[PDB]
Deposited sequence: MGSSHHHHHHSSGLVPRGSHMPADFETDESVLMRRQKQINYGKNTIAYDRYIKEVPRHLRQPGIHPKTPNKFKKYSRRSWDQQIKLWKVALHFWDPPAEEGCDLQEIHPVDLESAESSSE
């Protein structure tokens, strides 16, 4: 079973948007896998600690198109 809660999905999506609304993210999609940063799947069931961490590692990763 997956994540159904709308409020959780919405919060996660906003977090993802924060990452996608970066230019490193657009640099990424211009150019471009296994190391390529993959966007966290919001419908997946994850603990708060795990979801946030995945989002943290993902956002750091996208700056491979920055400092």
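S.K.: Walk along the deposited sequence from position 1 and note every stretch that has no C-alpha coordinates.
M.R.: Going by the record, the segments left unmodelled (no C-alpha atoms) fall at 1-23, 56-61, 97-120.
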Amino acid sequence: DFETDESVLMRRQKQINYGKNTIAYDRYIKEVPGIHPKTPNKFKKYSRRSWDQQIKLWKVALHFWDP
From here on, numbers count along this sequence of modelled residues.
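S.K.: Determine, for stretches 15-23 and 51-59, which one has the higher mean CA B-factor as deposited.
M.R.: Between 51-59 and 15-23, it is 15-23 that shows the higher mean C-alpha B-factor.
S.K.: So where's residue 42 on the chain's Cα temperature factor ranking, which third?
M.R.: Lowest third of the chain for residue 42's C-alpha B-factor.
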